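Next up: a single chain in structure tokens, the form deposited in one PDB entry.
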């Protein structure tokens, strides 16, 4: 019992070893799990298998997604494992009910959604519409969309880019150094190249904003209503704002969102990553190069990205209509 309190202490002490998001979801799950326990006269820690099973079935009855429920169990599992205690998933009660929840839901029709693709055709169209704008916000959003499509970097990674991370090739193309991704933490890091055209877009943003006045300034910053950019070495442009750019750009071309309330009705943070991967698959780009561009080590993720390739223009329809 002293081991448990000490094991948890060490995790909290070195809390920076984990992602801020991992912590944020840990607490979120704990609130949900603790509130349910209080209301059902159960002990929230350490978690008893039978209780966790009743709780996961409650989550299913609430109509939550399979990947949502897995997250709640996962966080429960981490809290226990890193305490030095057995996990709920170490028992049949919990591991079987999770298999059961996943099976029942998939059979009921559940499938994991995917972001609406932001592909080359969308990029060229947005560019032709926005490229002649002298508006500071338009010069920024166009430079952002360029980088997102060119590099397949997560919006959180783009937000972290600082001026000092930018270098050039012998041919004058921009190179962006990334030291940290979701799956890689290195001092060697990775280099993302930008095409001549995308480079030009970023160059225009740099001169109009004044970001290069301090090498520590983040490349992307907020632009206030009077069209003046406010560069900062301490404050990143939020992922929410970056998601907003994707959405505003979708609104610019296609109008308001459908009323369904579903996710992925407009472009979002993940859109350019999937769009670029699809364009690569379609152009016949070899797998090694696809993964080099996406920064992926395993080939299974390519199938994740291209799963929703348009079947009406798919290989089978085209072959049969011979």
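Numbering follows the first chain given and starts at 1. Rigid core (definition): largest C-alpha set, two forms, superposition within 1.5 Å.
Keep in mind that the form deposited in another entry is missing from the display, and what follows is about it.
Colleague: Which listed residue, 66, 266, 277, 37, is the one whose CA shifts 2 angstroms or more between this form and the one not shown with the rigid core aligned?
Modeller: It is 37.
Colleague: When the rigid core is used for the superposition, does residue 81 move between this form and the one not shown (threshold: C-alpha shift of 2 Å or more)?
Modeller: It does shift by 2 Å or more.
Colleague: Kindly check if the Cα atom of residue 25 is displaced 2 angstroms or more between this form and the one not shown relative to the superposed rigid core.
Modeller: No; that C-alpha moves by less than 2 Å between this form and the one not shown.
Colleague: Superposing on the rigid core, is the Cα displacement of residue 290 between this form and the one not shown 2 Å or more?
Modeller: The answer is no, as the C-alpha of residue 290 shifts between this form and the one not shown by less than 2 Å after core alignment.
Colleague: Quick one: with a 3 Å or larger change, is the residue 294 to residue 312 CA distance smaller or larger in the other entry? Answer closer or farther.
Modeller: Compared with the shown chain, residue 294-residue 312 is closer in the other entry.
Colleague: A 3 angstroms or greater change in CA distance between residue 276 and residue 312 is reported in the other entry. Closer or farther than in this form?
Modeller: Compared with this form, residue 276 and residue 312 lie closer in the other entry.
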